[PDB]
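*Asks:* What follows is model16.cif, made up of mmCIF, C-alpha atoms and all ligand atoms:
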data_model
loop_
_atom_site.group_PDB
_atom_site.id
_atom_site.type_symbol
_atom_site.label_atom_id
_atom_site.label_comp_id
_atom_site.auth_asym_id
_atom_site.auth_seq_id
_atom_site.Cartn_x
_atom_site.Cartn_y
_atom_site.Cartn_z
ATOM 1 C CA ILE A 1 -93.704 -199.359 -112.145
ATOM 2 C CA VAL A 2 -94.218 -203.057 -112.820
ATOM 3 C CA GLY A 3 -97.788 -204.345 -113.411
ATOM 4 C CA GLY A 4 -99.346 -200.805 -113.404
ATOM 5 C CA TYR A 5 -101.380 -198.808 -115.895
ATOM 6 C CA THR A 6 -100.869 -195.669 -117.986
ATOM 7 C CA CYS A 7 -101.974 -192.851 -115.691
ATOM 8 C CA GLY A 8 -103.122 -190.476 -118.396
ATOM 9 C CA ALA A 9 -101.441 -187.150 -119.205
ATOM 10 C CA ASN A 10 -101.215 -184.772 -116.316
ATOM 11 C CA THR A 11 -103.582 -186.795 -114.066
ATOM 12 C CA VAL A 12 -100.892 -186.899 -111.322
ATOM 13 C CA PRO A 13 -100.183 -183.163 -111.189
ATOM 14 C CA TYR A 14 -97.763 -183.215 -108.247
ATOM 15 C CA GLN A 15 -95.478 -185.799 -109.960
ATOM 16 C CA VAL A 16 -92.181 -184.259 -111.095
ATOM 17 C CA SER A 17 -89.224 -185.821 -113.003
ATOM 18 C CA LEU A 18 -85.684 -184.992 -111.780
ATOM 19 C CA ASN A 19 -83.464 -184.490 -114.821
ATOM 20 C CA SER A 20 -79.668 -184.216 -114.970
ATOM 21 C CA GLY A 21 -79.448 -184.671 -118.799
ATOM 22 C CA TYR A 22 -81.954 -187.522 -118.516
ATOM 23 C CA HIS A 23 -84.697 -188.596 -116.062
ATOM 24 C CA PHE A 24 -83.165 -190.273 -113.007
ATOM 25 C CA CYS A 25 -85.748 -189.997 -110.135
ATOM 26 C CA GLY A 26 -89.218 -188.899 -109.277
ATOM 27 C CA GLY A 27 -90.365 -186.323 -106.760
ATOM 28 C CA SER A 28 -93.528 -184.659 -105.433
ATOM 29 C CA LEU A 29 -94.328 -180.905 -105.592
ATOM 30 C CA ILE A 30 -95.433 -179.775 -102.118
ATOM 31 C CA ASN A 31 -95.679 -175.975 -102.756
ATOM 32 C CA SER A 32 -94.799 -173.619 -105.571
ATOM 33 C CA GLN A 33 -91.056 -173.580 -104.589
ATOM 34 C CA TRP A 34 -90.347 -177.061 -103.055
ATOM 35 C CA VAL A 35 -90.152 -180.706 -104.072
ATOM 36 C CA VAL A 36 -89.994 -183.900 -101.760
ATOM 37 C CA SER A 37 -87.770 -186.739 -103.064
ATOM 38 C CA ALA A 38 -85.572 -189.518 -101.742
ATOM 39 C CA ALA A 39 -82.142 -188.677 -100.248
ATOM 40 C CA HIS A 40 -80.643 -191.496 -102.374
ATOM 41 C CA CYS A 41 -81.633 -189.366 -105.405
ATOM 42 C CA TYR A 42 -79.291 -186.520 -104.311
ATOM 43 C CA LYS A 43 -76.863 -185.062 -106.853
ATOM 44 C CA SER A 44 -75.926 -181.605 -108.029
ATOM 45 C CA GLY A 45 -77.150 -180.010 -111.311
ATOM 46 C CA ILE A 46 -80.851 -181.077 -110.923
ATOM 47 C CA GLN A 47 -83.474 -179.627 -113.248
ATOM 48 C CA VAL A 48 -87.003 -180.214 -111.957
ATOM 49 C CA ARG A 49 -89.504 -181.029 -114.719
ATOM 50 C CA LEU A 50 -93.151 -180.347 -113.832
ATOM 51 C CA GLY A 51 -96.245 -180.958 -115.993
ATOM 52 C CA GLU A 52 -94.655 -184.073 -117.694
ATOM 53 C CA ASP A 53 -96.365 -186.965 -119.293
ATOM 54 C CA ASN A 54 -94.096 -188.276 -122.096
ATOM 55 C CA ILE A 55 -90.650 -187.348 -120.704
ATOM 56 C CA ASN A 56 -89.086 -187.606 -124.192
ATOM 57 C CA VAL A 57 -91.472 -185.268 -126.032
ATOM 58 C CA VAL A 58 -92.371 -181.632 -125.369
ATOM 59 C CA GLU A 59 -96.174 -181.801 -125.223
ATOM 60 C CA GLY A 60 -97.096 -178.291 -124.044
ATOM 61 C CA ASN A 61 -97.758 -178.385 -120.258
ATOM 62 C CA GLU A 62 -94.193 -178.690 -118.959
ATOM 63 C CA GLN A 63 -92.344 -176.255 -116.708
ATOM 64 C CA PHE A 64 -88.536 -176.847 -116.396
ATOM 65 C CA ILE A 65 -86.973 -175.091 -113.389
ATOM 66 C CA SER A 66 -83.421 -175.647 -112.063
ATOM 67 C CA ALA A 67 -82.874 -176.432 -108.354
ATOM 68 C CA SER A 68 -81.275 -173.681 -106.278
ATOM 69 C CA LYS A 69 -80.607 -175.871 -103.161
ATOM 70 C CA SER A 70 -80.887 -179.512 -102.100
ATOM 71 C CA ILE A 71 -81.301 -180.470 -98.395
ATOM 72 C CA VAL A 72 -80.744 -184.118 -97.461
ATOM 73 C CA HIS A 73 -82.248 -185.187 -94.159
ATOM 74 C CA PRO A 74 -79.811 -184.679 -91.202
ATOM 75 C CA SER A 75 -79.980 -188.344 -90.270
ATOM 76 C CA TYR A 76 -79.963 -189.988 -93.699
ATOM 77 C CA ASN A 77 -77.848 -193.188 -93.705
ATOM 78 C CA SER A 78 -77.083 -194.339 -97.225
ATOM 79 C CA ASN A 79 -76.164 -197.937 -96.078
ATOM 80 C CA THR A 80 -79.500 -198.668 -94.241
ATOM 81 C CA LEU A 81 -81.569 -196.075 -96.196
ATOM 82 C CA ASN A 82 -82.952 -194.883 -92.866
ATOM 83 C CA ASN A 83 -84.408 -191.339 -93.270
ATOM 84 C CA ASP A 84 -84.410 -191.556 -97.101
ATOM 85 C CA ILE A 85 -85.875 -188.060 -97.750
ATOM 86 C CA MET A 86 -84.574 -184.799 -99.172
ATOM 87 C CA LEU A 87 -86.045 -181.392 -100.131
ATOM 88 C CA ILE A 88 -85.215 -179.520 -103.308
ATOM 89 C CA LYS A 89 -85.928 -175.776 -103.719
ATOM 90 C CA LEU A 90 -86.687 -174.399 -107.162
ATOM 91 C CA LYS A 91 -84.819 -171.282 -108.405
ATOM 92 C CA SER A 92 -88.237 -169.725 -109.348
ATOM 93 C CA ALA A 93 -91.777 -170.549 -108.259
ATOM 94 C CA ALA A 94 -93.768 -172.957 -110.453
ATOM 95 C CA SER A 95 -96.968 -171.678 -112.030
ATOM 96 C CA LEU A 96 -99.634 -173.730 -110.310
ATOM 97 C CA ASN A 97 -102.617 -174.872 -112.392
ATOM 98 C CA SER A 98 -104.791 -177.966 -112.881
ATOM 99 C CA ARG A 99 -101.842 -179.952 -114.412
ATOM 100 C CA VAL A 100 -99.082 -178.683 -112.033
ATOM 101 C CA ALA A 101 -100.280 -178.790 -108.450
ATOM 102 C CA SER A 102 -98.889 -179.387 -105.004
ATOM 103 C CA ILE A 103 -99.828 -182.407 -102.906
ATOM 104 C CA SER A 104 -100.807 -181.942 -99.226
ATOM 105 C CA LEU A 105 -98.581 -183.320 -96.473
ATOM 106 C CA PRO A 106 -100.243 -185.770 -94.064
ATOM 107 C CA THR A 107 -101.776 -184.626 -90.808
ATOM 108 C CA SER A 108 -101.488 -188.293 -89.398
ATOM 109 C CA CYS A 109 -99.792 -191.490 -90.492
ATOM 110 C CA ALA A 110 -101.871 -193.844 -92.712
ATOM 111 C CA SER A 111 -102.699 -197.354 -91.557
ATOM 112 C CA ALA A 112 -101.994 -200.726 -93.126
ATOM 113 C CA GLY A 113 -104.794 -201.557 -95.600
ATOM 114 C CA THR A 114 -105.102 -197.891 -96.796
ATOM 115 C CA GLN A 115 -105.238 -197.679 -100.556
ATOM 116 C CA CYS A 116 -102.590 -195.525 -102.284
ATOM 117 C CA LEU A 117 -101.406 -194.389 -105.731
ATOM 118 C CA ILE A 118 -97.731 -194.942 -106.639
ATOM 119 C CA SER A 119 -96.432 -193.422 -109.860
ATOM 120 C CA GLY A 120 -93.289 -192.968 -111.917
ATOM 121 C CA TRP A 121 -91.261 -193.427 -115.096
ATOM 122 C CA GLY A 122 -89.243 -196.413 -113.725
ATOM 123 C CA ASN A 123 -88.711 -199.839 -115.312
ATOM 124 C CA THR A 124 -91.900 -201.780 -116.157
ATOM 125 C CA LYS A 125 -90.337 -205.321 -116.180
ATOM 126 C CA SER A 126 -89.474 -207.533 -113.125
ATOM 127 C CA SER A 127 -86.797 -209.480 -115.249
ATOM 128 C CA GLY A 128 -85.005 -207.417 -117.782
ATOM 129 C CA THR A 129 -85.577 -203.777 -118.604
ATOM 130 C CA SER A 130 -88.013 -201.531 -120.444
ATOM 131 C CA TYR A 131 -88.485 -197.858 -119.538
ATOM 132 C CA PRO A 132 -91.704 -196.170 -120.419
ATOM 133 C CA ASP A 133 -92.041 -192.714 -121.900
ATOM 134 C CA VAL A 134 -95.383 -191.841 -120.303
ATOM 135 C CA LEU A 135 -96.163 -191.831 -116.607
ATOM 136 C CA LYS A 136 -97.244 -195.211 -115.039
ATOM 137 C CA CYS A 137 -99.486 -195.669 -112.043
ATOM 138 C CA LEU A 138 -100.218 -198.437 -109.522
ATOM 139 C CA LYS A 139 -102.931 -198.686 -106.890
ATOM 140 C CA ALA A 140 -101.495 -200.607 -103.908
ATOM 141 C CA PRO A 141 -102.301 -201.025 -100.231
ATOM 142 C CA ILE A 142 -100.019 -200.278 -97.316
ATOM 143 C CA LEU A 143 -98.939 -203.557 -95.687
ATOM 144 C CA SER A 144 -98.798 -204.222 -91.997
ATOM 145 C CA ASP A 145 -95.561 -203.454 -90.079
ATOM 146 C CA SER A 146 -95.353 -207.048 -89.065
ATOM 147 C CA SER A 147 -95.519 -208.445 -92.672
ATOM 148 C CA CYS A 148 -93.033 -205.761 -93.774
ATOM 149 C CA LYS A 149 -90.557 -206.931 -91.122
ATOM 150 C CA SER A 150 -91.007 -210.532 -91.903
ATOM 151 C CA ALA A 151 -90.408 -209.785 -95.515
ATOM 152 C CA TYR A 152 -87.123 -207.942 -94.759
ATOM 153 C CA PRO A 153 -85.692 -209.209 -91.459
ATOM 154 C CA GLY A 154 -83.388 -206.765 -89.706
ATOM 155 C CA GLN A 155 -84.009 -203.863 -92.201
ATOM 156 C CA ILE A 156 -87.338 -202.093 -91.603
ATOM 157 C CA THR A 157 -87.083 -199.042 -89.328
ATOM 158 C CA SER A 158 -89.822 -196.906 -87.863
ATOM 159 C CA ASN A 159 -89.225 -194.499 -90.788
ATOM 160 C CA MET A 160 -90.232 -197.109 -93.439
ATOM 161 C CA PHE A 161 -93.380 -198.953 -94.510
ATOM 162 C CA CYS A 162 -94.131 -201.583 -97.136
ATOM 163 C CA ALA A 163 -96.816 -201.262 -99.787
ATOM 164 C CA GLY A 164 -97.825 -203.558 -102.601
ATOM 165 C CA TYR A 165 -98.587 -207.281 -103.015
ATOM 166 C CA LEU A 166 -96.831 -210.152 -101.273
ATOM 167 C CA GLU A 167 -97.806 -212.301 -104.195
ATOM 168 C CA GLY A 168 -95.522 -210.165 -106.475
ATOM 169 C CA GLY A 169 -96.327 -208.894 -110.002
ATOM 170 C CA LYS A 170 -97.124 -205.218 -109.154
ATOM 171 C CA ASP A 171 -94.477 -202.893 -107.579
ATOM 172 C CA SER A 172 -92.325 -199.825 -108.011
ATOM 173 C CA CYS A 173 -88.923 -200.233 -109.612
ATOM 174 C CA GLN A 174 -85.651 -198.583 -110.639
ATOM 175 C CA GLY A 175 -86.288 -195.025 -111.838
ATOM 176 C CA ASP A 176 -89.392 -194.640 -109.645
ATOM 177 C CA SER A 177 -87.257 -193.721 -106.634
ATOM 178 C CA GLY A 178 -88.038 -190.497 -104.957
ATOM 179 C CA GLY A 179 -91.617 -190.436 -106.355
ATOM 180 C CA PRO A 180 -94.951 -190.264 -104.528
ATOM 181 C CA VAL A 181 -97.163 -192.675 -102.641
ATOM 182 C CA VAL A 182 -100.396 -190.706 -102.199
ATOM 183 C CA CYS A 183 -103.281 -192.041 -100.048
ATOM 184 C CA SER A 184 -106.615 -190.172 -99.661
ATOM 185 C CA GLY A 185 -105.045 -187.033 -101.197
ATOM 186 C CA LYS A 186 -101.971 -186.915 -98.814
ATOM 187 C CA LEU A 187 -98.321 -187.711 -99.560
ATOM 188 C CA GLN A 188 -97.669 -190.623 -97.201
ATOM 189 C CA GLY A 189 -94.625 -192.246 -98.888
ATOM 190 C CA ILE A 190 -91.596 -191.785 -101.056
ATOM 191 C CA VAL A 191 -90.368 -194.607 -103.304
ATOM 192 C CA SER A 192 -87.223 -195.787 -101.430
ATOM 193 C CA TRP A 193 -85.999 -199.416 -101.965
ATOM 194 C CA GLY A 194 -86.748 -203.125 -102.121
ATOM 195 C CA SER A 195 -85.003 -206.244 -103.449
ATOM 196 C CA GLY A 196 -85.663 -206.485 -107.100
ATOM 197 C CA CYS A 197 -89.132 -205.494 -108.292
ATOM 198 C CA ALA A 198 -92.429 -207.282 -108.141
ATOM 199 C CA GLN A 199 -90.891 -210.476 -106.621
ATOM 200 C CA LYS A 200 -92.871 -212.694 -104.296
ATOM 201 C CA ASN A 201 -92.525 -211.735 -100.634
ATOM 202 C CA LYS A 202 -90.389 -208.622 -101.532
ATOM 203 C CA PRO A 203 -92.821 -205.641 -101.637
ATOM 204 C CA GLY A 204 -91.593 -202.095 -102.097
ATOM 205 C CA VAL A 205 -90.332 -200.131 -99.148
ATOM 206 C CA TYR A 206 -91.258 -196.462 -98.786
ATOM 207 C CA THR A 207 -90.107 -193.552 -96.613
ATOM 208 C CA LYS A 208 -92.768 -192.815 -93.966
ATOM 209 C CA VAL A 209 -93.476 -189.103 -94.763
ATOM 210 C CA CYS A 210 -95.717 -188.492 -91.710
ATOM 211 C CA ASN A 211 -92.623 -188.749 -89.513
ATOM 212 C CA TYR A 212 -91.004 -185.770 -91.324
ATOM 213 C CA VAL A 213 -93.731 -183.175 -91.497
ATOM 214 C CA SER A 214 -92.323 -180.935 -88.759
ATOM 215 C CA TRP A 215 -88.806 -181.138 -90.337
ATOM 216 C CA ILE A 216 -90.267 -180.322 -93.760
ATOM 217 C CA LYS A 217 -92.236 -177.326 -92.499
ATOM 218 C CA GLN A 218 -89.478 -175.853 -90.387
ATOM 219 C CA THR A 219 -86.930 -176.367 -93.202
ATOM 220 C CA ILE A 220 -89.187 -174.556 -95.704
ATOM 221 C CA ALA A 221 -89.832 -171.754 -93.148
ATOM 222 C CA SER A 222 -86.089 -170.961 -92.959
ATOM 223 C CA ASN A 223 -84.798 -171.675 -96.452
HETATM 224 N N1 LIG B 1 -89.414 -202.600 -105.921
HETATM 225 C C1 LIG B 1 -89.337 -201.369 -105.050
HETATM 226 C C2 LIG B 1 -88.141 -200.551 -105.539
HETATM 227 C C3 LIG B 1 -88.114 -199.190 -105.491
HETATM 228 S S1 LIG B 1 -86.742 -198.506 -106.201
HETATM 229 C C4 LIG B 1 -86.178 -200.049 -106.600
HETATM 230 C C5 LIG B 1 -84.937 -200.368 -107.328
HETATM 231 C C6 LIG B 1 -83.833 -199.554 -107.393
HETATM 232 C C7 LIG B 1 -82.742 -200.140 -108.115
HETATM 233 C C8 LIG B 1 -82.991 -201.377 -108.610
HETATM 234 S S2 LIG B 1 -84.590 -201.842 -108.201
HETATM 235 N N2 LIG B 1 -87.009 -200.964 -106.217
HETATM 236 CA CA CA B 2 -92.797 -183.962 -122.024
#
How would this structure read if it were set down as structure tokens?
Ligand SMILES: NCc1csc(-c2cccs2)n1
Ligand SMILES: [Ca+2]

*Replies:*
Amino acid sequence: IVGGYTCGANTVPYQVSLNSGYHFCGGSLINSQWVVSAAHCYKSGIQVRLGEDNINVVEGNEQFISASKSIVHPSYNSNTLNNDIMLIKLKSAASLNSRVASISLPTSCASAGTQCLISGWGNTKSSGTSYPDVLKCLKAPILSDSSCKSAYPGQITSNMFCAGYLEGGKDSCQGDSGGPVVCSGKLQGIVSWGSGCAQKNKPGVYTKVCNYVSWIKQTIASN
């Protein structure tokens, strides 16, 4: 997250870190057994780390649970990033509590102008590189479809929205991918892509979660 703020330990209780020897992506806990992330974060050998604040120090609220199964969306295209969503099932159920909690799925799509919270352990610089230990947060609005398309001609599908600041300075970045965009207590986005971070006229692009609720529910119901 570039241009954000320190969230505070365990104030984003649905935020998980995906670890394969090291943090590599975010995700969002949606029930005691299942995490939402980005399909471009797929790999084998994932350990899900819940209850994290400083991802390099054991602080006492973590739960580490290995994935039993990953399911990439049926229509994911890794060239266009269309349908950039996957589900990850945990080998055992997380203990839910005030610091490890699931986030509700949307019941309708959010509109441009809605305020949201984006969070993650990604890079905090727009030139160069610095990775934080503790979780970073950014409040950002959803941008209109039309400004998102004009920002990225030929690349925004109906399964994507933009959020952030056309002026630049405040955005998600590398290592945030797969993490949450939560608006009014609902998971409306997943950190997906952009062109650099925090550049003028290049806001972040996010997977539009409301399009996937019936796939998420039916997948959980049978897996
Ligand atoms: N600035 C939005 C965004 C989200 S993930 C991402 C990057 C991935 C790799 C380099 S940068 N950028
Ligand atoms: Ca920790």

*Asks:* Could you tell me, counting only C-alpha atoms and all ligand atoms, which protein and nucleic acid residues lie no more than 9 Å from ligand CA 2 (chain B), written as a VMD selection string?

*Replies:* chain A and resid 49 to 62 133 to 134

*Asks:* Please compute the CA of residue 12 (chain A)-CA of residue 191 (chain A) distance, one decimal, in Å.

*Replies:*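 That distance, rounded to one decimal, is 15.3 Å.
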
*Asks:* With all atoms listed in the file as the atoms that count, which of A:206, A:193, A:121, A:131 lies nearest to residue 161 (chain A)?

*Replies:*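 For residue 161 (chain A), the nearest of the given residues is A:206.
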
*Asks:* Kindly compile the residues surrounding ligand LIG 1 (chain B) within 7 Å, counting all atoms listed in the file, and format them as a VMD selection string.

*Replies:* chain A and resid 171 to 177 191 to 198 203 to 205

*Asks:* Do a neighbour search on residue 200 (chain A) at 9 Å with all atoms listed in the file, toss out local chain neighbours closer than 4 positions, and write the hits as a PDB file with C-alpha atoms, keeping the file's coordinate frame.

*Replies:*
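Heads up, here's the output in around.pdb:
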ATOM      1  CA  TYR A 165     -98.587-207.281-103.015  1.00  0.00           C
ATOM      2  CA  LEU A 166     -96.831-210.152-101.273  1.00  0.00           C
ATOM      3  CA  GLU A 167     -97.806-212.301-104.195  1.00  0.00           C
ATOM      4  CA  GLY A 168     -95.522-210.165-106.475  1.00  0.00           C
ATOM      5  CA  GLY A 169     -96.327-208.894-110.002  1.00  0.00           C
TER       6      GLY A 169
END

*Asks:* Just want the 10 Å neighbourhood of region 65-76 of chain A, counted on only C-alpha atoms, with same-chain residues fewer than 2 positions away dropped. Output as a VMD selection string.

*Replies:* chain A and resid 18 to 20 33 to 50 62 to 63 78 to 94 212 215 to 216 219 223

*Asks:* Between A:96, A:220, A:187, A:138, which is the closest to residue 207 (chain A) once you count all atoms listed in the file?

*Replies:* A:187

*Asks:* Give me the residues within 6 Å of region 147-156 of chain A as a PyMOL selection string, counting all atoms listed in the file and dropping any in the same chain fewer than 3 places off.

*Replies:* chain A and resi 144+162+201

*Asks:* Given only C-alpha atoms as the basis, pick out the residue of A:114, A:6, A:159, A:222 nearest to residue 143 (chain A).

*Replies:*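 Of the candidates, the smallest distance to residue 143 (chain A) is held by A:114.
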
*Asks:* Starting from the shown file, work through the PyMOL selection byres (((chain A and resi 111) around 12) and not hetatm) and note down what comes out as a ChimeraX atom specification.

*Replies:* /A:108-110,112-116,141-145,161-163,183-184,188,208,210

*Asks:* Kindly export the residues of the current selection with C-alpha atoms, as a compact mmCIF listing (two decimals), in the coordinates of the input.

*Replies:*
# COMPACT_ATOMS: atom_id res chain seq x y z
CA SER A 108 -101.49 -188.29 -89.40
CA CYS A 109 -99.79 -191.49 -90.49
CA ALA A 110 -101.87 -193.84 -92.71
CA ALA A 112 -101.99 -200.73 -93.13
CA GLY A 113 -104.79 -201.56 -95.60
CA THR A 114 -105.10 -197.89 -96.80
CA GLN A 115 -105.24 -197.68 -100.56
CA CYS A 116 -102.59 -195.52 -102.28
CA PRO A 141 -102.30 -201.02 -100.23
CA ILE A 142 -100.02 -200.28 -97.32
CA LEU A 143 -98.94 -203.56 -95.69
CA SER A 144 -98.80 -204.22 -92.00
CA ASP A 145 -95.56 -203.45 -90.08
CA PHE A 161 -93.38 -198.95 -94.51
CA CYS A 162 -94.13 -201.58 -97.14
CA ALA A 163 -96.82 -201.26 -99.79
CA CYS A 183 -103.28 -192.04 -100.05
CA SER A 184 -106.62 -190.17 -99.66
CA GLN A 188 -97.67 -190.62 -97.20
CA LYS A 208 -92.77 -192.82 -93.97
CA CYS A 210 -95.72 -188.49 -91.71

*Asks:* Just how far from CA of residue 128 (chain A) is CA of residue 9 (chain A), in Å to one decimal?

*Replies:* 26.1 Å

*Asks:* From the list A:119, A:214, A:31, A:107, which residue is nearest residue 190 (chain A) when using only C-alpha atoms?

*Replies:*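 With only C-alpha atoms as the atom set, the closest residue is A:119.
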
*Asks:* Run through the PyMOL selection byres (((chain A and resi 27) around 6) and not hetatm) on the given coordinates and return the selected residues as number ranges by chain.

*Replies:* A: 16, 26, 28, 36-37, 178-179

*Asks:* Residues near residue 102 (chain A), anyone? I mean within 6 Å using all atoms listed in the file, not counting same-chain ones fewer than 2 positions away, as a ChimeraX atom specification.

*Replies:* /A:14,29-31

*Asks:* Export, as a JSON list (two decimals), in the frame of the given file, the selected residues with C-alpha atoms.

*Replies:*
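Final output, part.json:
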[["chain", "number", "residue", "atom", "x", "y", "z"],
["A", 14, "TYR", "CA", -97.76, -183.22, -108.25],
["A", 29, "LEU", "CA", -94.33, -180.90, -105.59],
["A", 30, "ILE", "CA", -95.43, -179.78, -102.12],
["A", 31, "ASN", "CA", -95.68, -175.98, -102.76]]

*Asks:* So that I can see what lies close to residue 136 (chain A), please list as number ranges by chain the residues with an atom at most 9 Å from it, counting only C-alpha atoms and leaving out residues fewer than 5 positions away in the same chain.

*Replies:* A: 1-2, 4-8, 118-122, 124

*Asks:* Please indicate the distance in Å from CA of residue 105 (chain A) to CA of residue 77 (chain A), rounded to one decimal place.

*Replies:* 23.1 Å
